[PDB]
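J.: What would the 3D arrangement of this be:
(one chain, ligands or ions: 1)
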Amino acid sequence: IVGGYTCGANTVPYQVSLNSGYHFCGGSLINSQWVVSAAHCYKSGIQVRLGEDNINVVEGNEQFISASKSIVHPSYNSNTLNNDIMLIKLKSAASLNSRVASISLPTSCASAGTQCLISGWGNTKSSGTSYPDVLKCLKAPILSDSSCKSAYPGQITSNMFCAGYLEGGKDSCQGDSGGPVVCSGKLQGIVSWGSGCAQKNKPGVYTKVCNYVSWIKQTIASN
Ligand SMILES: [Ca+2]
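T.: Numbering: from 1, shown residues only. Pasting the structure now:
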């Protein structure tokens, strides 16, 4: 997260870190045994880390649970990042309380202008590299389809939306991928891509979760 703020320990209780010896992506807990992330985060050998604030220090609310299966969306195209979404099942159920909690799926697609909370452990610099160790947060509005397509001609599908600031300075970034965009208490986006970070007229691009609620529910119901 570039230009954000320190969330505070366990204030984003659905935020997970995907660990394969190191944090490599975020995700969102959507029930006690399922996490949703970005398909471009896929790898074997994932351990899901819940209850994290400082990902380099054991602070006392962590749950470390290995993945039993990962399901990349059947239509994921890694070249275009269309359908950049995947589901990760936990080997055992997470224990849920105030510091570890699932985030509700949307009942509808949120509108341009809605303010959302974007969070992750990714790079905090647009020129250079500094990773924060504790969870960072950003409040940002969903942008119109027309501003999104004008920023990224030929690249925005119906499964994507932009959020952030056309002036730059505030954005998600490398290492935030797979993590949440939450608006009015519902998971509306997954951190997916962007040209650099916090650049002018290059806002963040996010997987549009509302398109995938039926796939997520039916996948969970049969796996
Ligand atoms: Ca920790």
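
J.: Residue 79 and residue 212, how far apart?
T.: In this structure, residue 79 and residue 212 are 19 Å apart, going by CB to CB, to the nearest Å. No exception for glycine: its C-beta is placed from N, CA and C like everyone else's.

J.: who has more neighbours, the two?
T.: residue 212 (20 against 5; other CB atoms under 10 Å).

J.: Shouldn't residue 87 be within a strand?
T.: Yes - using DSSP: H, G, I helix; E, B strand; the rest coil, the assignment for residue 87 is a strand.

J.: who does it bridge with?
T.: When bridges are called by DSSP bridges, residue 87 pairs up with residue 36, residue 71.

J.: Test my guess that it contacts residue 218.
T.: No - Residue 87 is beyond contact range of residue 218, at 11.0 Å (criterion: CB atoms under 8 Å).

J.: Between the two, tell me which one has more neighbours.
T.: The neighbour comparison of residue 87 against residue 218 (other CB under 10 Å) goes to residue 87, with 22 against 10.

J.: all helices of the chain, in order?
T.: Using DSSP state H, the helices of the chain run over 145-151, 213-222.

J.: Which other helices and strands does the last one contact?
T.: On a contact count with 3 or more CB pairs under 8 Å, 6 or more residues apart in numbering; DSSP states H and E, helix 213-222 meets strand 86-90.

J.: And the strand it packs on, how far out from the chain middle?
T.: 13 Å (CA atoms, centre = their mean, to the nearest Å).

J.: now the angle between helix 213-222 and that strand, please.
T.: 30 degrees (axes from the mean of the first three to the mean of the last three CA atoms, to 10 degrees).

J.: What distance do you get for the residue minimising distance to the centre of the chain to residue 204?
T.: The residue lying closest to the centre of the chain (CA atoms, centre = their mean) is residue 179, at 1.6 Å. Residue 179 sits 11 Å away from residue 204, going by CB to CB.

J.: shared neighbours, these two?
T.: Residues touching both residue 179 and residue 204 (CB atoms under 8 Å, 6 or more residues apart in numbering) are 118, 172, 191.

J.: from these, which is closest to residue 128?
T.: residue 172 (16.2 Å; CB to CB).

J.: isn't that closest one right up against residue 118?
T.: Yes - here residue 172 reaches residue 118: they are 5.4 Å apart, a contact under CB under 8 Å.

J.: For the two, indicate the residue with more neighbours.
T.: It is residue 172, of residue 172 and residue 118, that has more neighbours when counted by other CB under 10 Å, with 34 against 28.

J.: what number of residues lie near the closest residue to residue 108 other than its chain neighbours?
T.: Using CB to CB, 6 or more residues apart in numbering and skipping the chain neighbours, the partner closest in space to residue 108 is residue 210 (6.4 Å). A count of nearby residues for residue 210, using other CB under 10 Å, gives 17.

J.: What residues of stretch 137-147 count as buried?
T.: Under the neighbour-count criterion of 16 or more other CB atoms under 10 Å, stretch 137-147 has 137-138, 140-143 buried.

J.: Residue 166 touches residue 151, doesn't it?
T.: Yes - taking contacts as CB under 8 Å, residue 166 lies within contact range of residue 151: 7.1 Å.

J.: So for these two, which residues contact both of them?
T.: 201, 203.

J.: ok, these two, which is more surrounded?
T.: Between residue 166 and residue 151, counted using other CB under 10 Å, residue 151 has the larger neighbour count: 21 against 15.

J.: residues contacting the more buried one?
T.: So residue 151 contacts 162, 166, 201-203 (CB under 8 Å, 6+ apart).
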